[PDB]
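Colleague: compute the structure for the input listed below.
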Amino acid sequence: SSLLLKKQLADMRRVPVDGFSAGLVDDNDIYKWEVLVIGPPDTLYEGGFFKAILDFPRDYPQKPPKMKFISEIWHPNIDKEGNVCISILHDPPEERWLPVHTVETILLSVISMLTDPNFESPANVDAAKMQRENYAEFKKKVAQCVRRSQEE
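Modeller: Numbers count the residues shown, from 1 in each chain. There you are, the coordinates:
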């Protein structure tokens, strides 16, 4: 558990998932990660430097970590509390969380979330509703989050 995370964190830092920077909030606690999420190119989140925190249970492999975004972000799948809500974090097929999954898997499915939001019961309707009909003001609000992430 603590061995797997140390290994995963280390690979992460040597060869990161392009656009992701991982570190520890407390150097003596491998269960709380601070991750810099740079807005992927060709998405409304482009120049964004969104900070986030990963909470890993004591039994990581077979139990998804919780991902909470710090740093204002306007997304259908991120609730009003920054909590990211996506399938692969869910946990009682390949959709949900598997024990063979890694931080890498999570981070990858996160680029997907930002690039292609999944409505079907969004964790943030205000946003879900907005991008669908009032696309105008939506891009305008994502920009507000991107402009704010560049000055913090």
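Colleague: buried ones in stretch 140-152?
Modeller: Neighbour counts over stretch 140-152 (16 or more other C-beta atoms under 10 Å) mark 141, 142, 143, 145, 146, 149 as buried. All C-beta atoms are positioned from the backbone trio N, CA, C, and that covers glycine.
Colleague: look up how far residue 42 lies from the fifth one.
Modeller: So that's residue 146. The spacing between residue 146 and residue 42, counted by C-beta to C-beta, to the nearest Å, is 14 Å.
Colleague: what about residue 33, helix or strand, and which?
Modeller: Residue 33 is located in strand 32-38, with elements delineated by DSSP states H and E.
Colleague: which strands or helices does that strand pack on?
Modeller: Helices and strands touching strand 32-38, by 3 or more C-beta pairs under 8 Å, 6 or more residues apart in numbering; DSSP states H and E, are strand 20-24, strand 49-55, helix 103-115.
Colleague: give me the angle between the longest helix along the chain and strand 32-38.
Modeller: Longest helix in the chain by number of residues, with DSSP state H as the criterion: helix 135-149. If you take axes from the mean of the first three to the mean of the last three C-alpha atoms, to 10 degrees, helix 135-149 sits at 120 degrees to strand 32-38.
Colleague: by contact count, what packs against helix 135-149?
Modeller: Counting by 3+ C-beta pairs under 8 Å, 6+ apart, helix 135-149 packs on strand 49-55, helix 125-132.
Colleague: now the angle from the longest one to helix 135-149?
Modeller: By that I understand helix 125-132. 120 degrees.
Colleague: same deal with the first one?
Modeller: In this structure, strand 49-55 runs at an angle of 80 degrees to helix 135-149, with the same axes, to 10 degrees as the basis.
Colleague: how far off strand 20-24 does strand 49-55 point, in degrees?
Modeller: With the same axes, to 10 degrees applied, the angle from strand 49-55 to strand 20-24 works out at 50 degrees.
Colleague: residues of strand 49-55 that come out buried?
Modeller: 49, 50, 51, 52, 53, 54.
Colleague: so which of those is the closest to residue 119?
Modeller: Sorting the buried residues of strand 49-55 by how near they are to residue 119, with C-beta to C-beta, puts residue 50 at the top with 20.7 Å.
Colleague: shouldn't the closest one be in contact with residue 74?
Modeller: No: Residue 50 lies out of contact with residue 74 (C-beta atoms under 8 Å); the separation is 10.8 Å.
Colleague: shouldn't residue 61 be within a helix?
Modeller: Yes: residue state for residue 61 (DSSP: H, G, I helix; E, B strand; the rest coil) corresponds to a helix.
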